[PDB]
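Below: the structure, in structure tokens.
For ligands, and for the atoms within them, numbers begin at 1 and follow the listed sequence. Order of the sequence lines fixes the chain letters, A, B, ..., with proteins taken first and strands second; residue numbering starts at 1 for each chain.
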Amino acid sequence: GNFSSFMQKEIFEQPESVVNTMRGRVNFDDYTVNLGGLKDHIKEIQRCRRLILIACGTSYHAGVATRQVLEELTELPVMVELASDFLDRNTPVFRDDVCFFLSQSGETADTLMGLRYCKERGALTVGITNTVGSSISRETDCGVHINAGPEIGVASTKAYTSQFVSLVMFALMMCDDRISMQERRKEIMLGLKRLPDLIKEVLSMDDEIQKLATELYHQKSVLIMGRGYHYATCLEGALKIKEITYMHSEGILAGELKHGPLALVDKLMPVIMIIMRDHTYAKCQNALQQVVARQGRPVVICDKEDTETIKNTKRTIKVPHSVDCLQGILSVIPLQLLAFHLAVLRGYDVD
Amino acid sequence: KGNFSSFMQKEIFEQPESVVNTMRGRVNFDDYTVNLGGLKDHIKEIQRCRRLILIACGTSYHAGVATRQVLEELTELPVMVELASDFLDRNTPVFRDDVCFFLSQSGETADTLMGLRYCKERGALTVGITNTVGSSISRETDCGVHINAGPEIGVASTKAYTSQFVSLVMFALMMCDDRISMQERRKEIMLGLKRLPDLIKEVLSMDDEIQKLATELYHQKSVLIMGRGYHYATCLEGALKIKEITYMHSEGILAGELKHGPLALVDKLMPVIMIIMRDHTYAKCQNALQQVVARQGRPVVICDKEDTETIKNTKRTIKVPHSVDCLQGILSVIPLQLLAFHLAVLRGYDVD
Ligand SMILES: O=C(CO)[C@@H](O)[C@H](O)[C@H](O)COP(=O)(O)O
Ligand SMILES: O=C(CO)[C@@H](O)[C@H](O)[C@H](O)COP(=O)(O)O
């Protein structure tokens with residue numbers, strides 16, 4: 001290791017781990033995706049009727065991050081479940097379900113108990129893990145190794161974005177026979193090529209993320225607001241800032257703001273809004289104005305080329321542009337960096 | 001409001017009557033049957049559907065979370081509960097054999113209404129659970145249930161939430177009325193529904209105890225409300241109540257997700273309310289209480305009044321009467337409704 005913290009290293013490693021996940025799998029010449037661990041099951045999975053993503057903590061947030069593109073490209077119901085809640089409810093599961101179990105370690109008890117429950121119902125089980133030979137990796141019918149390398153830190157960082165990328169790769173396989181989605185998977189794979197270079201462009205803003213931490217050093221709460229593709233971003237951002245900085249960070253769905261949580265907004269409540277260039281732009285802007293009109297001052301994580309938000313907002317963490325279903329990868333990096341720097345400022349052991 | 005200053009307070013205290021009104025002409029406690037006459041032109045088709053989708057905003061979404069489990073149990077169907085804004089953002093796949101419920105006090109909430117029109121275009125059977133006769137959601141659905149809570153004049157939903165809760169329970173009871181193996185389960189639930197109004201009066205009797213808890217808490221900036229299973233909705237709804245009218249930074253936390261990051265926020269200084277009721281998640285909840293006290297947290301525990309071990313081993317507890325596990329969520333949310341109110345009065349705001 002070269003850096004101070006394991007977490008810190010693992011964060012800056014992301015332009016390399018992403019490439020490792022796509023290694024011997026993606027091909028940018030002939031637009032083919034191929035996930036070896038699923039090559040014996042991919043046709044049976046393609047005939048299934050629902051996808052269930054079961055996980056705890058940040059591995060659950062990755063499901064949330066890729067729910068939408070999975071629905072769009074499989075045209076199947078996609079259900080994302082927190083493993084503890086899944087087991088408490090005795091969730092209905094059937095033989096034509098494909099159940100995914102996302103777990104970095106492959107040993108989290110609830111996610112594994114969920115695997116056994118699903119297997120007993122006769123569902124097709126799929127592992128998205130980072131630990132070869134782990135319990136979740138062995139006991140599932142098939143699976144994918146995200147290949148992000150070892151993770152020794154307490155907060156997941158590279159594991160999250162590589163869980164992300166692999167689920168997007170799975171989505172690209174599922175829709176490979178459909179004529180109408182040929183262009184759509186082209187633009188997604190172009191973005192997967194540009195991804196590591198653009199992740200490095202985000203790592204360039206460590207300066208601005210370091211000094212944003214010092215302003216929020218004394219603060220006790222921070223509301224992270226996000227829509228659609230970035231609901232996961234805000235949930236995951238809020239979870240890091242909880243876990244390692246011990247500040248009350250809560251992710252809030254932007255569309256739910258007017259239904260109650262808006263009350264929390266005043267001049268003294270710091271807000272981080274994720275307003276990016278996708279189909280929900282106008283609605284994210286309505287959420288901004290609702291916050292401003294309540295006298296809040298939001299640090300907006302926005303697009304680099306979004307002129308009417310860079311000038312119109314005091315603090316902006318400008319992020320490079322990618323295709324809508326990949327932006328979640330880029331826009332979460334500033335928040336995992338902010339979680340690290342606040343932890344340092346308060347004099348805590350990130351590891 | 002006869003004696004009350006607040007509409008919200010009046011409406012919370014109205015809940016022993018509004019629950020009766022919700023069940024009037026639907027639950028028969030003389031022969032223990034359930035019928036929702038607003039559905040009878042579609043009930044055959046609904047009974048043959050292959051998935052329920054609940055679509056709503058805010059506390060109406062919470063009413064969905066609060067009833068997801070008994071709906072899965074009694075229907076044996078997948079039940080997916082969706083926040084309406086995010087439902088539209090994703091173009092969620094919907095099919096002709098889906099039954100889509102639209103939970104809305106007002107019956108006009110824009111996202112919930114657009115979710116309705118989206119589901120119709122795809123051929124799903126649509127059902128309105130509203131508190132407003134002749135509203136858009138009531139008119140545009142194929143069938144409906146009016147929850148009969150009465151006008152809600154407060155800004156925060158109280159009686160409507162719990163009426164929506166009972167409504168969805170009634171629907172669940174109806175869906176399993178032909179299963180021999182479930183007759184005792186549903187007789188249990190209906191006995192619970194019949195006792196429920198008096199058990200709310202007993203909860204409302206702790207208005208004093210809840211007042212004095214608010215005096216100890218109202219200076220605080222944050223409070224974590226933790227709970228599991230049936231009471232996950234209780235903690236999300238209580239967290240939204242405390243946000244909406246007190247402006248305190250409350251947040252609902254799934255008890256089973258504590259050990260995955262949120263537990264690091266717990267110490268001597270962070271207020272915590274845990275929900276520990278006598279149901280199948282008891283041991284899992286106690287585990288959650290052990291790791292909160294192990295990190296120096298001194299939580300207020302909402303619990304069963306005859307749970308002698310939680311009452312003795314914790315200083316401040318709110319002692320709630322026991323009912324059926326799938327109804328308990330009605331009793332355990334009320335103290336949080338009242339706390340939100342007394343917490344807000346102490347600070348001094350115009351609750352309505
Ligand atoms: O990493 C974090 C938070 O930074 C945890 O929330 C884990 O994501 C969770 O404990 C599941 O762990 P795995 O099941 O993925 O090993
Ligand atoms: O009352 C509250 C919170 O106490 C609101 O969150 C409403 O539940 C929401 O705005 C949806 O309203 P309806 O669609 O239920 O009318």
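- Ionic pairing of B:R117 and B:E140 is present here: one or more N-O contacts between side-chain nitrogen and carboxylate oxygen are shorter than 4.0 angstrom.
- Nearest non-hydrogen protein atom to atom 12 (O) of ligand 2 is B:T109 OG1, 3.5 Å.
- Considering only non-hydrogen protein atoms, atom 7 (C) of ligand 2 sits nearest to B:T59 N, 4.3 Å.
- The closest approach between A:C56 and ligand 1 falls below 4.0 Å for a heavy atom of the residue.
- The closest donor-acceptor contact from the side chain of A:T21 to the backbone of A:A148 lies at 3.5 Å or more, if one exists at all.
- Every atom of ligand 2 is numbered from 1 in the order shown, and the set under 4.0 Å from a heavy atom of B:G58 is 6 (O).
- On a distance-only criterion, B:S106 and ligand 2 share at least one N/O pair closer than 3.5 Å.
- With respect to A:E256 and A:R227, no salt bridge is recorded, no charged nitrogen being found less than 4.0 Å from a carboxylate O.
- Of the possible donor and acceptor atoms, none in the side chain of B:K1 sits under 3.5 Å from a partner among the backbone N and O of B:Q9.
- Residue-to-ligand polar distances keep B:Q164 apart from ligand 2: every N/O pair is separated by 3.5 Å or more.
- Contact analysis puts A:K240 in contact with ligand 1, with a non-hydrogen atom separation below 4.0 angstrom.
- Between A:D141 and A:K119, no side-chain nitrogen of the basic residue sits less than 4.0 Å from a carboxylate oxygen of the acidic one, so the salt-bridge criterion is not met.
- Counting only heavy atoms of the protein, atom 3 (C) of ligand 1 lies nearest to A:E243 OE1, 3.2 Å.
- Salt bridge status for A:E81 with B:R68: present, with a side-chain N to carboxylate O gap under 4.0 Å.
- Each of B:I147, B:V145, B:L103 was compared with B:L168 under the side-chain contact (heavy atoms from CB on, under 4.5 Å) criterion, and only B:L103 meets it.
- Proximity to B:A156 (heavy-atom distance under 4.0 Å) selects the following atoms of ligand 2: 4 (O).
- When the options A:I54, A:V126, A:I52 are evaluated for a side-chain contact (heavy atoms from CB on, under 4.5 Å) with A:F101, the one that passes is A:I54.
- Each of the following atoms of ligand 2 lies closer than 4.0 Å to a heavy atom of B:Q105: 13 (P), 15 (O), 16 (O).
- A:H259 O, 2.6 Å is the protein heavy atom nearest to atom 6 (O) of ligand 2.
- Residue A:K258 does not touch ligand 2, judged by heavy-atom distances below 4.0 Å.
- When only non-hydrogen protein atoms are considered, atom 15 (O) of ligand 2 lies nearest to B:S60 OG, 2.7 Å.
- B:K259 and A:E243 are not joined by a salt bridge, as no carboxylate oxygen comes within less than 4.0 angstrom of a charged side-chain nitrogen.
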Extract all donor-acceptor atom pairs below 3.5 Å that involve side chains of residues 56-66 of chain B and protein atoms in other chains or at least two apart in sequence.
unit_1, atom_1, unit_2, atom_2, d
B:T59, OG1, B:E237, OE1, 2.5
B:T59, OG1, B:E237, OE2, 2.9
B:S60, OG, B:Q164, OE1, 3.3
B:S60, OG, B:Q164, NE2, 2.7
B:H62, ND1, B:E237, OE1, 2.7

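- Taking every heavy atom of B:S104 and a limit of under 4.0 angstrom, the matching atoms of ligand 2 come to 13 (P), 14 (O), 15 (O), 16 (O).
- Closest to atom 1 (O) of ligand 2 among all protein heavy atoms lies B:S157 N, 3.2 Å.
- Note on ligand 2: B:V155 sits in its first shell, one or more heavy atoms being nearer than 4.0 Å.
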